[PDB]
């Protein structure tokens, strides 16, 4: 595989997908037993290890549809990965999305052309794998972790003169990130399972920041939910 320097078997059925390869390192080393690094290519670290005696891998994706598509493609095609879970965050675009909320994306809107390229006059709506979604949801409820289930917006431009998120907020969209559409689309295409779990980095519309302590907590809940949504 071109972008991942690993061997047959070095990668688990379940990969967790942060955007930052340093959060990849942090996650593995903080949460997992007998950790191994399998990829050092391009600094986009991946790691396999164990959680409750079950194998789990953690691969960085980079930022943007185009970067994540690369990793998801190779993970699926070259390493027969079965379940794929994005664990990152997003800018919240609604007031009712609270900074302690954990978002489970049923679907994703986008200004990426990726789907228009393949489909033309169809708006393809990507779709989370429901069984993973239900699991993650259950895992949250049973521990009373605050959870919201709805849609997000996979953007191409972080800095965006022509942002239409105001209109997206008005249609119930929860927050904007930059990966989900690609994950959900590529996974479904290959008959695989995928889900994005997200925390709120800030409220983008009402301006305000969230604190370091608030981020640590919700981060930690995201990884918890992800892990138990699986074991």
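Rigid core here is just the name for the largest C-alpha set that superposes within 1.5 Å across the two forms. Positions refer to the first chain, counted from 1.
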### Task
Compare 178-186 with 200-208 and report which one shows the larger root mean square C-alpha deviation from this form in 9 other deposited structures of this protein once the rigid core is superposed.
200-208
### Query
Quick one: with the core lined up, is it 162-170 or 36-44 that wanders further in 9 other deposited structures of this protein, going by C-alpha RMS?
162-170
### Summary
Looking only at C-alpha temperature factors in the entry, 181-189 or 45-53, the higher average sits in 45-53
### Query
On average, are the C-alpha B-factors higher in 114-122 or in 156-164?
156-164
### Task
Could you tell me which one of 197, 35, 174, 68 shows the highest CA temperature factor in the PDB record?
35
### Summary
Tertile call for residue 28 (CA temperature factor, within chain, third-based) is the highest
### Message
What third of the chain does residue 205 rank in for C-alpha temperature factor, lowest, middle or highest?
### Response
highest
